[PDB]
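Chains as they are written, first to last, in my numbering: chain P, 4 to 51; chain A, 39 to 464; chain S, 7 to 433; chain C, 171 to 600; chain X, 34 to 462.
Report on one structure; see the data block that follows.
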Ligand SMILES: Nc1nc2c(ncn2[C@@H]2O[C@H](COP(=O)(O)OP(=O)(O)OP(=O)(O)O)[C@@H](O)[C@H]2O)c(=O)[nH]1
Ligand SMILES: Nc1nc2c(ncn2[C@@H]2O[C@H](COP(=O)(O)OP(=O)(O)OP(=O)(O)O)[C@@H](O)[C@H]2O)c(=O)[nH]1
Ligand SMILES: Nc1nc2c(ncn2[C@@H]2O[C@H](COP(=O)(O)OP(=O)(O)O)[C@@H](O)[C@H]2O)c(=O)[nH]1
Ligand SMILES: Nc1nc2c(ncn2[C@@H]2O[C@H](COP(=O)(O)OP(=O)(O)O)[C@@H](O)[C@H]2O)c(=O)[nH]1
Ligand SMILES: [Mg+2]
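Rendered as structure tokens:
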């Protein structure tokens with residue numbers, strides 16, 4: 004029967020150890036606590 | 039041609055070496071079906087160290103799986119890269135030790151050691167110049183703790199001049215996994231003193247600490263800890279399987295890390311572990327590898343290295359790396375921290391470089407450190423045994439199987455003997 | 007090979023220090039991603055002052071951002087130019103001091119200041135030569151005051167041969183943003199006198215009338231306020247990162263502007279402040295720069311320079327300028343009104359020229375004034391602190407965390423010492 | 171991650187708790203089923219997949235008000251175990267809520283709080299809601315407030331208490347229960363933000379211009395005050411404030427911790443278009459006495475410490491400009507020893523509008539929460555009412571039967587003499 | 034091969050076993066007729082062409098509870114002659130199930146154990162299910178466990194025994210039956226797991242909010258615990274615990290082998306939506322005393338040994354953090370000579386849900402079995418009930434005439450007297 008993270012979505016430590024891919028400009032955003040820090044809302048407006 | 043025979047012991051050993059061959063075969067470019075799919079001839083340049091050529095290009099490891107219950111036989115067979123092993127190396131029991139060190143060593147280990155010793159004798163004779171034997175097991179259990187240490191005593195008598203690499207996990211201090219850990223560990227360490235050439239101490243709670251703080255993994259699974267062990271198991275044999283500007287095999291490390299024959303326990307770690315968030319922003323250079331090398335948070339042992347003096351140290355750098363930049367930063371860490379290195383051995387740190395790095399990484403390094411701080415693990419394991427032994431609890435299981443209580447009394451005496459020997463050199 | 011470490015503390019520090027990193031990244035020419043996109047090769051000459059080389063040519067700032075409240079780093083990362091900072095430098099807390107100097111300095115700082123000196127030390131010996139440290143925090147608050155000044159005290163003990171800038175914002179004269187501002191201002195001053203090598207003061211109402219009367223904008227926001235705060239700090243280090251005819255490093259800004267070690271507090275002013283509707287009528291000539299630079303309205307502190315003389319003045323000119331007109335204008339203002347200058351220092355004004363101007367503008371200047379008129383900013387806070395303390399107001403919150411009134415008596419004793427010695431040298 | 175655990179005791183708290191949690195689900199967009207169609211995380215804990223439960227307990231000895239929530243529009247919103255009921259109510263008796271009935275329910279009540287404490291990582295504080303005139307509002311809260319202080323050290327508590335008006339009240343022993351509850355909230359509650367029942371009736375009649383309001387209408391604009399002060403914790407702002415920021419900013423002395431409350435824009439939907447709602451107009455309306463949530467004339471008293479909670483499209487200069495204009499007005503008077511009297515908390519979100527509510531959609535809003543010396547007028551009239559009640563020991567025999575003793579009446583009266591004399595001397599010029 | 038044989042003795046054995054194999058066939062996909070539409074070998078032996086039969090025997094002296102299984106929906110699952118019946122009941126007589134009518138029925142039982150043991154390749158242990166208050170469970174269980182000890186030496190024998198409650202005893206001669214059963218189970222059974230029918234009643238009333246529970250709802254909760262202890266065999270995990278792993282790591286002394294039982298998440302369907310069930314929260318619920326399945330208070334005792342069986346999607350990272358947080362709590366106490374008091378076992382399959390059962394779908398679950406010094410409270414109390422009854426020889430004439438003479442009462446009294454002296458010295462610091 005499959006383990007926890009095989010059904011969570013993140014599989015193995017290949018990407019984070021071999022340092023392939025990239026969190027920014029990429030697809031994988033499921034691993035790192037800095038990445039799942041959501042943070043407050045954004046109300047953007049350029050400086051006048 | 040300097041080949042290594044792998045022995046995997048018990049629940050911990052069979053799971054560690056499952057991911058260990060899952061990484062090394064990927065490092066050498068081996069697909070799940072055991073054939074070859076690589077691109078550089080350097081990968082196939084030294085495969086006799088770990089693999090055997092078979093008919094049709096099949097690559098089978100020299101790994102002997104040994105355990106007392108058949109539960110882990112399906113666990114490694116149905117896993118990823120789980121079919122690469124020869125079936126004659128699947129020597130297994132049926133009853134299970136049940137965390138009974140006496141059962142793995144005396145009662146049911148007797149009818150299984152004579153079977154696993156035939157397989158090791160089969161694999162050792164087929165290969166030409168044995169660099170040594172690698173064993174992986176646990177110290178808190180009964181199958182890899184008891185029957186694993188019985189294999190060490192038998193294999194040392196048969197091959198006394200060969201080298202034993204003992205890979206052991208130690209019971210964690212802050213968290214307990216089995217109640218009988220003081221009985222299992224203090225007994226298993228004692229035969230590791232006279233028989234094992236060198237031992238490489240691992241610890242689970244240090245591996246949990248590394249994943250949560252350094253790698254910043256939200257969920258570190260049971261195999262993520264296993265993956266970090268395999269990254270350092272593959273680093274010890276970096277110079278064997280690959281060329282290098284400065285070569286350092288197993289025996290060159292052992293003579294430079296063992297000043298006295300009973301002080302052969304090491305604390306180890308892997309340098310270039312950066313989190314996914316801090317992945318881009320790290321300028322991967324030699325100063326980064328050194329400042330993470332001697333960080334106490336990067337160690338994979340329960341003992342803080344700042345507590346006890348480093349007796350000897352070893353570094354195995356990997357990558358196209360400047361040999362001066364290695365050397366001028368070994369001197370930097372020795373001079374900036376003078377009290378943590380022992381005085382009566384000049385030039386404690388020993389460094390070597392392997393020209394090819396692991397896949398996807400450009401600069402990497404693995405560590406071995408023979409420190410006198412590891413008595414903190416040794417003293418703590420022993421004092422749990424002394425509190426256990428004076429009440430004689432959890433002992434009727436042990437003494438009902440062929441151990442009188444006196445054989446335990448040499449166990450803490452030898453355990454107190456090493457903490458006496460570590461005490462005088464610090 | 008001179009490296010400047012930027013330190014931001016608290017709600018005000020992490021928000022307005024972000025915009026300082028907005029303008030430097032816009033002026034050195036790096037994108038929000040982190041790569042170089044500048045036109046000239048002059049920008050790449052001195053990148054090491056503020057940024058670290060990394061993998062893929064990315065430049066990560068030498069900045070540690072630190073506070074006790076998690077709300078700021080939600081805002082810091084979400085804003086533009088927010089991805090560039092290293093997350094290892096993003097050390098934060100969980101409780102939050104909440105405008106209290108005692109919680110930041112003693113109670114809830116003690117479990118975190120040991121963490122922030124691990125992060126600072128990692129970026130300390132990473133670079134070659136520390137020129138010093140710069141910090142931009144708040145004095146009316148508590149998460150950047152108490153937590154900040156303890157860091158400022160600790161780094162001087164560890165690194166005593168390096169220099170300190172404190173771009174500290176003081177409470178406004180006519181309005182107050184927090185009730186307990188006079189306590190946290192005076193307790194921060196008592197620590198910043200003996201630890202900070204020099205101090206530059208910014209005041210929000212001094213920014214408010216500038217952004218309305220001179221910049222002719224009806225509703226500037228806080229981002230408009232922080233821009234002139236961000237613009238002046240880039241004028242501090244203009245001569246470092248870029249060549250020029252005459253170079254003034256940041257140690258020059260210390261050794262020249264400060265006659266005595268206690269008399270180090272300054273005031274700052276950005277010179278070319280013209281609106282969008284009034285720029286094309288104005289001729290961009292260095293007489294027009296020098297008249298605005300010496301104006302009382304242009305200063306970004308609560309003081310009025312007609313009250314007190316300048317002990318030492320400075321000017322950080324940026325661009326291609328004729329230095330004869332630069333020299334003779336400062337000579338003229340020294341000769342037009344010798345009453346407004348301190349008499350017992352001849353030729354009080356320093357000028358240094360950076361050959362490249364900032365983006366868009368072609369001629370600019372940055373006034374640094376160690377004026378004795380800024381004792382009014384000290385005195386008005388000092389009379390507020392005496393009046394609040396004499397009824398022991400708001401004191402059980404402070405003394406309950408490990409404070410006693412001995413420091414509060416001592417904090418006043420250095421507070422009124424400054425206004426006494428600043429008035430003494432004016433006479 | 172920071173969280174706040176609101177506490178509501180008494181049926182006044184539950185009806186406020188029905189109104190206050192109505193807006194929190196509406197403002198964050200939570201449907202009554204409890205699903206999302208990290209802003210919720212300061213009030214709602216995630217459970218499983220896309221589900222939110224309130225970080226609150228509804229403990230009350232009266233079961234009819236508790237199960238009304240269990241059968242209302244929010245059946246699947248609240249955790250049924252967090253809603254704690256009682257077999258019999260205290261019924262305007264502090265003795266019944268503190269000693270006899272209260273003891274067998276606070277053991278279960280603190281267990282839920284302990285279960286709530288481990289779920290949240292960093293707990294910012296507790297918001298306590300009760301009516302000091304009620305039995306379980308005075309009794310059960312007082313037993314609960316002292317148990318929280320001995321369990322969680324120094325953690326912030328916000329007393330959002332409902333006091334009876336000296337001119338209008340709906341029970342005869344509310345002076346007894348308010349006096350006895352005040353004896354417990356001085357030593358425990360960090361900030362006691364006051365609310366008057368009759369004062370907000372005048373706001374609905376005059377400013378909100380609805381001539382027939384009910385308690386559902388009255389609780390909503392109270393609930394709009396509660397969200398405005400905590401929205402800075404909820405949402406980003408130019409100058410954010412916190413729960414922990416508020417106590418050390420508005421309480422100068424450890425036994426003067428009472429706050430008056432005022433909400434500036436109170437206009438109807440038809441009035442909303444015709445009013446030029448503006449930053450100067452709302453701030454000038456904030457200091458206007460009829461906008462106060464508590465029936466006070468601040469001309470008689472003086473403002474010691476004040477606090478401005480700004481929501482919406484507010485630029486920094488006019489809120490600072492409104493600071494200067496108030497200080498120039500001789501009508502608004504401050505005590506001479508607190509020159510820095512304003513805290514400006516600006517939030518970028520305009521307040522939400524409740525469907526079917528009397529309040530209209532507005533862009534800018536101000537929540538004034540200010541300490542003042544006019545609060546002693548409330549406690550003097552309550553003490554004057556308590557003096558007539560205790561002059562002949564009427565309504566005392568109920569209290570002595572259920573555990574309480576005669577001497578507790580004198581000790582609670584002794585504190586209000588000390589509280590009243592402390593209000594006068596602090597406001598006294600020196 | 035990992036192969037275990039479970040025996041069910043007495044009325045409580047049959048009803049627990051009926052709810053047991055109900056959950057076991059649903060776990061492995063076995064239909065009630067036995068037709069599967071690799072891991073079944075722990076409890077089901079494959080027979081012929083695609084049919085599986087339980088590795089159990091339902092032996093009892095009441096014919097009414099045995100043929101209820103025969104007439105029930107599981108007529109095609111169990112073997113016909115593995116459901117052993119009896120002509121005459123023991124009828125609350127310990128001497129009858131030991132000497133009078135227990136002799137002629139134990140020979141048929143041993144034949145079916147031998148036939149089942151030869152069918153299984155490697156036997157892993159024995160599971161027994163009884164209530165010691167009844168005549169059949171105490172009497173025949175004394176004789177049956179005696180015979181398996183001689184026949185099957187040094188083999189693990191797991192005991193799931195149900196004891197009379199402090200407050201409730203639904204039979205009068207239960208203090209006689211319980212004390213005389215403990216004389217036999219002390220030397221022979223390897224691990225005994227104490228259960229009390231009235232502590233499970235408190236669990237069902239509070240956790241499952243059922244005001245009217247019955248024996249079937251009690252046995253659903255028991256079947257979940259037995260499955261959780263044996264799920265390590267049937268499915269893999271990061272840390273899997275054999276039944277042979279279990280005895281040696283939790284039994285410190287030969288005469289101390291009684292265990293407590295705890296299952297952490299007991300949540301109905303309505304409450305499962307709102308409760309955030311994570312590892313740190315449930316490990317506090319496992320050590321919570323109201324969730325303990327016997328009426329001994331662990332605050333009075335000291336935890337000597339403790340085993341944790343974790344089911345479901347349990348990561349191993351937080352179970353180390355969860356155990357350490359328990360050890361930092363002051364209320365949970367450990368004996369001074371055992372600093373290492375935990376055994377954590379992690380299994381990857383979630384517990385199944387039966388259709389119509391009170392338990393709901395839960396992602397992660399914890400089964401805790403511990404050894405504590407508070408077990409002397411349930412043994413000194415039943416000592417007081419038996420000593421008071423033996424003061425004037427109540428209900429003794431029934432026992433004397435059925436073979437068991439008067440010495441066995443004094444002998445079993447002295448055996449439990451040494452047992453009471455045994456718990457007070459092991460807890461001594
Ligand atoms: N503002 C406001 N006040 C309320 C509301 N409901 C009740 N009150 C006030 O609360 C007073 C009664 O006190 P409570 O604490 O509610 O009485 P209780 O909770 O039933 O106390 P017990 O009788 O002991 O159960 C009334 O006089 C009202 O003035 C409400 O919804 N809004
Ligand atoms: N766990 C559990 N215990 C039960 C159940 N039903 C009855 N019991 C217990 O069993 C006790 C009755 O004694 P038993 O051992 O069942 O009686 P018996 O097995 O029929 O033995 P004899 O009557 O002598 O043939 C009661 O006191 C109950 O506590 C059940 O369904 N589950
Ligand atoms: N790093 C690591 N440690 C393990 C692994 N498996 C088991 N352990 C450790 O080994 C100890 C118990 O070993 P055990 O399961 O009893 O081994 P056994 O004797 O073969 O059954 C525990 O402290 C575990 O933390 C593994 O795959 N990796
Ligand atoms: N220019 C500017 N000043 C600010 C800003 N935020 C706060 N301040 C100043 O800082 C003081 C309040 O800071 P505060 O938030 O309490 O600091 P902290 O809580 O300790 O981090 C006020 O006097 C403001 O003048 C901002 O965004 N821009
Ligand atoms: Mg009520």
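Idealized CB from N, CA, C, for every residue including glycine.
{"Item": "Three-way DSSP call (helix, strand, coil) for residue 415(S) in this model", "Value": "helix"}
{"Item": "Cβ neighbours of residue 592(C) in the same chain (closer than 8 Å, five flanking residues each side left out)", "Value": "423, 425 and 426"}
{"Item": "Residue span of the alpha helix (DSSP H) that contains residue 394(S), given as start and end", "Value": "381-395"}
{"Item": "Alpha carbon of residue 64(S) to alpha carbon of residue 89(S), nearest angstrom", "Value": "11 Å"}
{"Item": "Sub-8 Å separation of residue 412(X) and residue 209(X) beta-carbons", "Value": "no"}
{"Item": "Contact list for the region 380-409 of chain A against chain P, Cβ threshold 9 Å", "Value": "396, 397, 398, 399 and 400"}
{"Item": "Proximity below 8 Å, CB of residue 185(A) to CB of residue 147(A)", "Value": "yes"}
{"Item": "Partner residues on chain S for residue 512(C), Cβ-Cβ distance less than 9 Å", "Value": "181, 182, 183, 184 and 185"}
{"Item": "Residue 229(X), enclosing beta strand (DSSP E) - first and last residue", "Value": "224-229"}
{"Item": "Distance, residue 72(X) Cα to residue 231(A) Cα", "Value": "41 Å"}
{"Item": "Interface flag, residue 69(S) vs chain A, CB-CB below 8 Å", "Value": "no"}
{"Item": "At least 3 beta-carbon pairs within less than 8 Å: the region 370-377 of chain C vs the region 454-469 of chain C", "Value": "yes"}
{"Item": "Against chain A: residues of the region 34-67 of chain S by CB proximity under 9 Å", "Value": "40, 58, 59, 60, 61, 62, 64 and 66"}
{"Item": "Test: residue 218(C) CB closer than 8 Å to a CB of chain S", "Value": "no"}
{"Item": "Within-8 Å CB hit, residue 310(S) to chain A", "Value": "no"}
{"Item": "Residue range of the unbroken beta strand (DSSP E) whose run includes residue 175(C)", "Value": "172-179"}
{"Item": "Residue 103(A) CB to nearest heavy atom of ligand 2 below 7 Å", "Value": "no"}
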